[PDB]
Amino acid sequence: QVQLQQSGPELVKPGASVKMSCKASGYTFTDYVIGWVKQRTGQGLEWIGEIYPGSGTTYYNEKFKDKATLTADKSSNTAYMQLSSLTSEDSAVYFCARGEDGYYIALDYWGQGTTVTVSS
């Protein structure tokens, strides 16, 4: 069955960078978009961006263009998101999720989330 396994929580200083991963299994990696979603504690979901692993095509929310970098590794079936210059506004849970390449109309399975906490 389809699984998206996300990397462990990060507790980091202001100004640091973090790189989190989303390992896909149970399907053909390059047939599906991997999208990324942010959720602050007690607040709503926000779309960050997405990568098409088959082609490398990426799309970014304008609010995250200077914050997030999305990459993918076909050989390991893994998507990566790197967050730079972290501030307390970046403390949140980050999800990866799957959409259908060529008819992308839903995020149909979701990872368990990676918590990023920015702290002194």
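Position 1 is the first residue in the sequence shown; the rest follow in order.
Here the stretch with the larger average CA B-factor, out of 56 to 64 and 43 to 51, is 56 to 64. Comparing 13 to 21 with 95 to 103, the higher mean C-alpha B-factor in the PDB entry belongs to 13 to 21. The entry lists a Cα temperature factor for residue 32 that places it in the middle third of the chain's modelled residues.
In the PDB entry, a CA B factor belonging to the lowest third of its chain's modelled residues is recorded for residue 78.
Sort the modelled residues of the chain by CA B factor and residue 119 lands in the highest third. When the CA B factors of the chain's modelled residues are split into thirds, the value for residue 6 lands in the lowest one.
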